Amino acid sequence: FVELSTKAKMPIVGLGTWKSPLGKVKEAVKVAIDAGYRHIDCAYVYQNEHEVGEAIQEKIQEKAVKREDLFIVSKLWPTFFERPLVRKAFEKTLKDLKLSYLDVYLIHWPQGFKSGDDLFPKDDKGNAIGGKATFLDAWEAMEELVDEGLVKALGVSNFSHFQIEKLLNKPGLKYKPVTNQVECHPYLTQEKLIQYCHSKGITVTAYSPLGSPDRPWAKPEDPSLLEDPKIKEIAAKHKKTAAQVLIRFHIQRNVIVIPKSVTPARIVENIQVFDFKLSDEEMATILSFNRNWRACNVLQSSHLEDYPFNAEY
(Lines of atoms letter the chains of each structure in order from A and count residues from 1; the text may use other names and numbers.)
(Lines give C-alpha, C1' and ligand atoms only; values in the text may rest on other atoms or scores of the structure.)
Protein backbone atom coordinates (compact mmCIF):
# COMPACT_ATOMS: atom_id res chain seq x y z
CA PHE A 1 0.00 0.00 0.00
CA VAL A 2 0.73 3.59 -0.86
CA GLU A 3 -1.20 5.98 1.40
CA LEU A 4 -3.52 8.51 -0.28
CA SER A 5 -4.27 12.12 0.60
CA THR A 6 -7.32 10.51 2.10
CA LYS A 7 -5.22 8.74 4.78
CA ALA A 8 -6.51 5.55 3.16
CA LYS A 9 -4.46 2.56 1.94
CA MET A 10 -4.32 1.57 -1.75
CA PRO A 11 -2.46 -1.68 -2.15
CA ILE A 12 0.64 -1.19 -4.26
CA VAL A 13 -0.04 -4.22 -6.40
CA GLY A 14 -3.41 -5.05 -7.90
CA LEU A 15 -4.91 -7.25 -10.60
CA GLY A 16 -5.82 -5.74 -13.92
CA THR A 17 -8.91 -6.95 -15.74
CA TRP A 18 -8.88 -5.47 -19.23
CA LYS A 19 -9.27 -8.23 -21.95
CA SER A 20 -9.81 -10.83 -19.19
CA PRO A 21 -12.48 -13.00 -20.84
CA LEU A 22 -15.76 -14.22 -19.47
CA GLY A 23 -15.21 -17.61 -18.05
CA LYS A 24 -11.59 -17.08 -17.03
CA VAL A 25 -11.86 -13.88 -15.06
CA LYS A 26 -13.76 -15.27 -12.06
CA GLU A 27 -11.17 -17.88 -11.47
CA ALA A 28 -8.42 -15.33 -12.09
CA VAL A 29 -9.89 -13.12 -9.36
CA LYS A 30 -10.35 -16.12 -6.98
CA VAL A 31 -6.74 -17.16 -7.48
CA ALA A 32 -5.67 -13.57 -7.06
CA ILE A 33 -7.28 -13.29 -3.61
CA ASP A 34 -5.81 -16.61 -2.34
CA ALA A 35 -2.43 -15.42 -3.39
CA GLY A 36 -2.95 -12.26 -1.33
CA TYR A 37 -4.08 -9.61 -3.85
CA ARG A 38 -6.60 -7.14 -2.40
CA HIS A 39 -6.62 -4.39 -5.06
CA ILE A 40 -8.53 -5.23 -8.20
CA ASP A 41 -8.79 -2.81 -11.15
CA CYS A 42 -12.04 -2.86 -13.08
CA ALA A 43 -13.94 -0.98 -15.71
CA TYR A 44 -17.40 -0.82 -17.15
CA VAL A 45 -15.93 -0.92 -20.62
CA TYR A 46 -14.24 -4.30 -19.83
CA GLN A 47 -17.69 -5.92 -19.89
CA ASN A 48 -16.77 -8.45 -17.21
CA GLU A 49 -17.47 -6.76 -13.85
CA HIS A 50 -20.39 -9.10 -13.04
CA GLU A 51 -18.07 -12.01 -13.29
CA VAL A 52 -15.52 -10.15 -11.12
CA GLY A 53 -18.36 -9.54 -8.65
CA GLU A 54 -19.23 -13.22 -8.44
CA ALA A 55 -15.61 -13.96 -7.54
CA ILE A 56 -15.56 -11.38 -4.76
CA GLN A 57 -18.92 -12.29 -3.19
CA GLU A 58 -17.75 -15.90 -2.98
CA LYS A 59 -14.50 -15.35 -1.21
CA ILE A 60 -16.27 -12.95 1.08
CA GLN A 61 -18.82 -15.41 2.29
CA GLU A 62 -16.34 -18.17 2.08
CA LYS A 63 -14.45 -16.11 4.63
CA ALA A 64 -11.25 -16.01 2.74
CA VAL A 65 -11.43 -12.18 2.98
CA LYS A 66 -13.23 -9.23 4.49
CA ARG A 67 -14.64 -6.42 2.39
CA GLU A 68 -12.80 -3.66 4.25
CA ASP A 69 -9.56 -5.46 3.35
CA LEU A 70 -10.50 -5.37 -0.36
CA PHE A 71 -9.86 -2.25 -2.55
CA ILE A 72 -11.92 -2.23 -5.67
CA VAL A 73 -11.60 0.27 -8.43
CA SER A 74 -13.74 1.02 -11.44
CA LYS A 75 -13.98 3.79 -14.00
CA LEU A 76 -16.37 5.99 -15.80
CA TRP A 77 -16.40 5.85 -19.58
CA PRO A 78 -16.47 9.10 -21.54
CA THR A 79 -19.79 8.51 -23.28
CA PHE A 80 -21.45 8.72 -19.87
CA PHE A 81 -20.38 12.16 -18.61
CA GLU A 82 -23.89 13.66 -18.67
CA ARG A 83 -25.20 13.65 -15.20
CA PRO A 84 -28.08 11.18 -15.40
CA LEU A 85 -25.72 8.76 -17.30
CA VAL A 86 -22.94 9.07 -14.75
CA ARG A 87 -25.31 7.53 -12.28
CA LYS A 88 -26.66 4.82 -14.58
CA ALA A 89 -23.08 3.83 -15.39
CA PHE A 90 -22.15 3.73 -11.75
CA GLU A 91 -25.16 1.68 -10.66
CA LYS A 92 -24.47 -0.89 -13.37
CA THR A 93 -20.84 -1.05 -12.28
CA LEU A 94 -21.81 -1.24 -8.58
CA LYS A 95 -24.57 -3.76 -9.12
CA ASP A 96 -22.48 -6.01 -11.37
CA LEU A 97 -19.71 -5.96 -8.79
CA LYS A 98 -22.30 -6.94 -6.10
CA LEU A 99 -20.80 -4.28 -3.86
CA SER A 100 -22.40 -1.67 -1.66
CA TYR A 101 -19.49 0.73 -2.18
CA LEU A 102 -16.40 1.28 -4.38
CA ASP A 103 -13.12 2.34 -2.93
CA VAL A 104 -12.13 4.51 -5.88
CA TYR A 105 -14.07 5.61 -8.96
CA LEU A 106 -12.11 7.11 -11.85
CA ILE A 107 -12.77 9.02 -14.95
CA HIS A 108 -11.35 6.73 -17.59
CA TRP A 109 -10.39 9.18 -20.31
CA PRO A 110 -10.57 12.98 -20.11
CA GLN A 111 -12.44 13.92 -23.29
CA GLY A 112 -16.14 13.51 -23.32
CA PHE A 113 -17.59 11.61 -26.21
CA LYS A 114 -20.89 11.64 -27.98
CA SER A 115 -23.45 9.79 -25.92
CA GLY A 116 -25.18 6.65 -27.17
CA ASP A 117 -24.07 3.15 -27.84
CA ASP A 118 -20.86 3.57 -29.66
CA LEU A 119 -18.32 3.37 -26.90
CA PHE A 120 -15.96 4.96 -29.39
CA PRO A 121 -18.19 7.05 -31.68
CA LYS A 122 -16.47 8.42 -34.78
CA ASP A 123 -17.09 10.42 -37.90
CA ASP A 124 -16.77 8.91 -41.33
CA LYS A 125 -13.24 10.24 -40.98
CA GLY A 126 -12.37 7.69 -38.29
CA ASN A 127 -12.06 10.57 -35.85
CA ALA A 128 -13.87 10.65 -32.52
CA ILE A 129 -17.01 12.60 -31.84
CA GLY A 130 -17.05 14.97 -28.84
CA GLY A 131 -20.11 15.25 -26.52
CA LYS A 132 -21.85 17.99 -24.47
CA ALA A 133 -20.65 17.30 -20.90
CA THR A 134 -17.01 17.70 -19.91
CA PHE A 135 -14.99 15.77 -17.28
CA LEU A 136 -15.64 18.63 -14.87
CA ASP A 137 -19.33 17.97 -15.14
CA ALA A 138 -18.68 14.34 -14.60
CA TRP A 139 -16.62 15.00 -11.54
CA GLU A 140 -19.49 16.93 -10.06
CA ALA A 141 -21.82 14.06 -10.51
CA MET A 142 -19.10 11.76 -9.17
CA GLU A 143 -18.66 13.96 -6.16
CA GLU A 144 -22.21 13.31 -5.30
CA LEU A 145 -21.38 9.62 -4.94
CA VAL A 146 -18.78 10.20 -2.29
CA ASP A 147 -21.25 12.32 -0.22
CA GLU A 148 -23.63 9.34 -0.21
CA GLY A 149 -21.06 6.89 1.06
CA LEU A 150 -21.22 4.92 -2.26
CA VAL A 151 -17.70 5.81 -3.41
CA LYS A 152 -14.86 6.59 -0.99
CA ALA A 153 -12.61 8.57 -3.29
CA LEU A 154 -12.26 9.72 -6.78
CA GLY A 155 -9.42 9.59 -9.24
CA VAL A 156 -8.47 10.25 -12.82
CA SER A 157 -6.86 8.23 -15.59
CA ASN A 158 -5.05 9.33 -18.73
CA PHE A 159 -4.82 12.94 -17.57
CA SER A 160 -1.88 15.26 -18.25
CA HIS A 161 -0.81 17.83 -15.72
CA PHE A 162 -2.96 20.24 -17.63
CA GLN A 163 -6.11 18.30 -16.94
CA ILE A 164 -5.24 17.85 -13.31
CA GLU A 165 -4.61 21.56 -12.99
CA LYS A 166 -7.88 22.30 -14.60
CA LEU A 167 -9.61 19.99 -12.14
CA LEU A 168 -7.87 21.15 -8.92
CA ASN A 169 -8.77 24.76 -9.89
CA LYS A 170 -12.45 24.10 -10.34
CA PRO A 171 -14.80 26.30 -8.29
CA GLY A 172 -16.82 24.29 -5.80
CA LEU A 173 -14.49 21.38 -5.81
CA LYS A 174 -15.71 19.15 -3.07
CA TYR A 175 -13.29 16.22 -3.59
CA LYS A 176 -9.71 15.88 -4.84
CA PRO A 177 -8.34 13.16 -7.09
CA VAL A 178 -6.45 10.46 -5.22
CA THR A 179 -4.61 8.90 -8.09
CA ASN A 180 -3.87 9.31 -11.77
CA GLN A 181 -3.85 5.91 -13.46
CA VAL A 182 -1.61 5.98 -16.54
CA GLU A 183 0.56 3.79 -18.69
CA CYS A 184 3.99 3.44 -17.19
CA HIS A 185 6.96 1.09 -17.74
CA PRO A 186 10.63 1.21 -18.76
CA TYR A 187 9.70 2.35 -22.31
CA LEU A 188 7.36 5.08 -20.95
CA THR A 189 8.91 6.25 -17.65
CA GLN A 190 6.74 9.24 -17.05
CA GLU A 191 9.27 11.15 -14.86
CA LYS A 192 7.73 14.58 -15.12
CA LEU A 193 4.13 13.48 -14.77
CA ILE A 194 4.98 11.50 -11.63
CA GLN A 195 7.02 14.41 -10.23
CA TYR A 196 4.00 16.58 -10.82
CA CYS A 197 1.46 14.27 -9.28
CA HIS A 198 3.52 13.64 -6.20
CA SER A 199 4.03 17.40 -5.71
CA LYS A 200 0.19 17.58 -5.49
CA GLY A 201 -0.31 14.60 -3.17
CA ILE A 202 -1.73 12.49 -6.00
CA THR A 203 -0.49 8.97 -6.43
CA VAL A 204 0.25 7.44 -9.76
CA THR A 205 -1.15 4.03 -10.79
CA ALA A 206 0.78 2.36 -13.63
CA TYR A 207 -1.20 0.46 -16.20
CA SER A 208 0.18 -1.89 -18.91
CA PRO A 209 3.23 -2.53 -16.80
CA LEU A 210 4.17 -5.49 -18.91
CA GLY A 211 3.64 -3.84 -22.23
CA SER A 212 0.16 -5.05 -22.87
CA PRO A 213 1.17 -7.81 -25.41
CA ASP A 214 -2.36 -9.00 -25.87
CA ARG A 215 -3.59 -5.70 -26.92
CA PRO A 216 -5.28 -6.35 -30.27
CA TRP A 217 -3.26 -3.76 -32.20
CA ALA A 218 0.11 -5.12 -31.17
CA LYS A 219 2.38 -4.94 -34.19
CA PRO A 220 5.34 -7.35 -34.34
CA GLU A 221 7.80 -4.49 -34.85
CA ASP A 222 6.52 -2.99 -31.59
CA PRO A 223 8.91 -2.91 -28.68
CA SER A 224 8.60 -5.87 -26.32
CA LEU A 225 9.40 -5.45 -22.60
CA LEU A 226 8.83 -9.05 -21.64
CA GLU A 227 11.62 -10.19 -24.02
CA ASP A 228 13.97 -7.21 -23.51
CA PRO A 229 17.44 -8.76 -23.13
CA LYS A 230 18.66 -6.25 -20.59
CA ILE A 231 15.46 -6.57 -18.40
CA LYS A 232 15.85 -10.36 -18.49
CA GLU A 233 19.51 -9.94 -17.64
CA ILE A 234 18.55 -8.18 -14.39
CA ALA A 235 15.74 -10.67 -13.67
CA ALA A 236 18.17 -13.57 -13.95
CA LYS A 237 20.51 -11.76 -11.55
CA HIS A 238 17.70 -12.05 -8.95
CA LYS A 239 16.39 -15.49 -9.92
CA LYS A 240 13.18 -13.75 -10.94
CA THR A 241 11.19 -13.31 -14.12
CA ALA A 242 11.21 -10.26 -16.37
CA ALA A 243 7.55 -9.70 -15.32
CA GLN A 244 8.63 -9.68 -11.70
CA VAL A 245 11.29 -7.08 -12.42
CA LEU A 246 8.96 -4.87 -14.47
CA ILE A 247 6.46 -4.87 -11.63
CA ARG A 248 9.01 -4.19 -8.87
CA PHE A 249 10.37 -1.16 -10.78
CA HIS A 250 7.16 0.76 -9.96
CA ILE A 251 7.07 -0.14 -6.31
CA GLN A 252 10.53 1.21 -5.76
CA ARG A 253 9.36 4.39 -7.24
CA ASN A 254 6.30 4.62 -5.02
CA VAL A 255 3.96 3.95 -7.87
CA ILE A 256 1.01 1.58 -7.81
CA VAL A 257 1.05 -1.17 -10.37
CA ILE A 258 -1.69 -3.36 -11.77
CA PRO A 259 -0.58 -6.19 -14.09
CA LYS A 260 -3.12 -8.26 -15.81
CA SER A 261 -3.45 -11.98 -16.03
CA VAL A 262 -5.95 -14.85 -16.26
CA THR A 263 -3.23 -17.54 -15.99
CA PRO A 264 -3.16 -18.79 -12.39
CA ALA A 265 0.58 -19.42 -12.30
CA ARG A 266 1.35 -15.90 -13.54
CA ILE A 267 -1.22 -14.24 -11.31
CA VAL A 268 0.80 -15.76 -8.44
CA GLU A 269 4.23 -14.89 -9.90
CA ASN A 270 3.22 -11.30 -10.41
CA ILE A 271 2.88 -10.73 -6.62
CA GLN A 272 6.07 -12.48 -5.48
CA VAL A 273 7.64 -9.03 -5.73
CA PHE A 274 8.06 -8.16 -2.05
CA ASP A 275 11.00 -10.52 -1.51
CA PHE A 276 13.70 -8.86 -3.55
CA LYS A 277 15.20 -5.47 -4.22
CA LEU A 278 16.58 -3.93 -7.37
CA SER A 279 19.74 -1.93 -6.63
CA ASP A 280 20.21 1.73 -7.47
CA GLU A 281 22.22 0.87 -10.58
CA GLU A 282 19.43 -1.37 -11.60
CA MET A 283 16.76 1.32 -11.25
CA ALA A 284 18.94 3.88 -12.98
CA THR A 285 19.65 1.43 -15.84
CA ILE A 286 15.99 0.51 -16.20
CA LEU A 287 15.01 4.18 -16.06
CA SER A 288 17.32 4.95 -18.95
CA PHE A 289 15.28 2.69 -21.31
CA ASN A 290 12.65 5.38 -21.71
CA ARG A 291 11.52 5.71 -25.31
CA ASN A 292 8.31 7.64 -24.95
CA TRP A 293 6.58 4.66 -26.35
CA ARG A 294 2.95 4.10 -25.73
CA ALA A 295 1.21 0.82 -26.13
CA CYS A 296 -2.22 2.36 -25.65
CA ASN A 297 -2.53 5.05 -28.18
CA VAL A 298 -5.50 3.92 -30.21
CA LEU A 299 -7.96 6.91 -29.84
CA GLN A 300 -5.84 9.61 -31.43
CA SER A 301 -8.34 12.33 -30.69
CA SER A 302 -5.94 15.22 -31.03
CA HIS A 303 -8.60 17.40 -32.68
CA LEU A 304 -10.90 17.32 -29.67
CA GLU A 305 -10.21 19.29 -26.57
CA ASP A 306 -8.23 18.12 -23.59
CA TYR A 307 -6.22 15.52 -25.43
CA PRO A 308 -3.79 14.17 -22.93
CA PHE A 309 -0.96 12.74 -25.01
CA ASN A 310 0.14 15.72 -27.06
CA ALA A 311 1.54 17.53 -24.02
CA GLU A 312 4.97 16.73 -22.57
CA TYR A 313 3.50 15.57 -19.19
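Counting begins at 1, following the sequence as shown.
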Of 266 to 274 and 48 to 56, which one has the bigger average CA B-factor?
-> 48 to 56
Looking at the entry, does 3 to 11 or 302 to 310 show the higher mean C-alpha B-factor?
-> 3 to 11
Per the deposited B-factor column, the C-alpha that peaks among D103, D214, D124, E144 belongs to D124
Highest Cα B-factor in the deposition, which of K75, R83, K200, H161?
-> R83
Tell me, lowest, middle or highest third: where does the Cα B factor of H185 rank within its chain?
-> lowest
Sorting the chain's modelled residues by C-alpha B-factor, tell me whether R248 ends up in the lowest, middle or highest third.
-> lowest
Assert third(CA B-factor, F120) within chain per record equals highest
Considering only modelled residues of the same chain, in which third does the CA B-factor of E27 rank: lowest, middle or highest?
-> highest
In terms of the chain's CA B-factor thirds, is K232 lowest, middle or highest?
-> middle
